[PDB]
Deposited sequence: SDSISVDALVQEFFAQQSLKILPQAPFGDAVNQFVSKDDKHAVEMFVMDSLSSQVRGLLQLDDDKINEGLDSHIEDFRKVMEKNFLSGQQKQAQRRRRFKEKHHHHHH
């Protein structure tokens, strides 16, 4: 039983449409445990259409 498992479960219904949901989840866990402060935002800065988001998920 997990805490980000529920985070991911939340994004089952509605995809967060222009970031890949799965990389985000590890990112927030990395962000809170690996505690790099910029990365999640930077990850999004690099992130720069439904198809492209799908590709983002596959690559991860």
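Mapping the modelled residues onto the deposited sequence reveals missing stretches at 1-3, 52-73, 86-108.
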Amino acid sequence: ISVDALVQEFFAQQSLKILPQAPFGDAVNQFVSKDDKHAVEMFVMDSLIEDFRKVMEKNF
From here on, numbers count along this sequence of modelled residues.
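Checked against the record, the higher mean CA B factor of 20-28 and 5-13 lies with 20-28.
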